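This document opens with one chain alone, in structure tokens, the form deposited in one PDB entry.
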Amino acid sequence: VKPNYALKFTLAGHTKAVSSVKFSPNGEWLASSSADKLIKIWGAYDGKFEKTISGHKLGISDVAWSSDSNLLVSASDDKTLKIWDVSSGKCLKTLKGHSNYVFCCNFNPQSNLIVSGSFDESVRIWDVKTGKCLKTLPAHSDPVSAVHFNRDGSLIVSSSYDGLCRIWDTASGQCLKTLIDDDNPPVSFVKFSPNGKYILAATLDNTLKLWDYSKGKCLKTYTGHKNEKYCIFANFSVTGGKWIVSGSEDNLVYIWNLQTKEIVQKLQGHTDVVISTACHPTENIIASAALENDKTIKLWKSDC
């Protein structure tokens, strides 16, 4: 069985490359961040522009939703994160502490903490309520490309241009695992699987890998796309068939069968590198976002 994602909507409004798209956990909204320093909110089902959230002084590399779909956190070249009340558009807190560009961010599932990664080679853990830094992890020896909490929030996974994925105890800050395969390409993305058993890691050698982190073993490789340059997001699609989804530097969205590793679909339409994809929590909907020559977000829907 293969999906049949078809283009439904093209979303225009960002004035520069879109960096990240994310669906609200409640399925109502899409959030986009851009090099234009703006966050935009869109209807998840019709792509209808909702509003613009402004305040960062430089470009934004990432945005993430709180568990209850009420807050966003954004990571900016201005070396801050900002916590946003989506309904009021207010910046609740500006998180200062990184010494270089903030590249990546996520809430824990309980959305009382934020984790951030930076060009300063550190991972920071922040208290959402106070907007104060709880912990600074000397995580990596090169920029941190991605950070993610596991299912219960007790672990963080980080990835870096230093070629390493690391697993951290949230509470203690201790490094519990270093993961690397038989080469040392920059790691451009990582996240835990929904069931919390696996990490999915992108490397800048055109490869995605599914790891059992507790066993420290590479279980599955996904190849056939182009990824040698940019920090491209990857996703688990779980609403229909069990897929892996990634953008690609050939301007396509790639979809793989998670179990068999075969390509099941390539989505054509963008005019530049697809930097970001996101999978809707309840419907077979993919959002995709592309770089400076395109500046659009696309919404794709499948029967399965």
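Throughout, we count residues from 1 along the sequence that is shown.
Here the subject shifts to the form deposited with a partner chain bound, a form of this protein not shown in this document.
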- Heavy atoms within 4.5 Å of its partner chain in the entry with it bound: does residue 258 have any? yes
- Query: residue 238 near its partner chain in the entry with it bound, any heavy atom under 4.5 Å?
  - Reply: yes
- Message: Residue-level contact is defined here as any heavy atom of the residue lying within 4.5 Å of its partner chain in the entry with it bound; does residue 51 satisfy this criterion?
- Response: no
- Message: Just checking whether residue 219 would be counted as a contact of its partner chain in the entry with it bound - the rule being heavy atoms within 4.5 angstroms.
- Response: yes
- Query: Looking at 99, 130, 172, 195, which is the one with a non-hydrogen atom within 4.5 Å of its partner chain in the entry with it bound?
  - Reply: 195
- None of 165, 83, 210, 125 but one has a heavy atom within 4.5 Å of its partner chain in the entry with it bound; the exception is 210
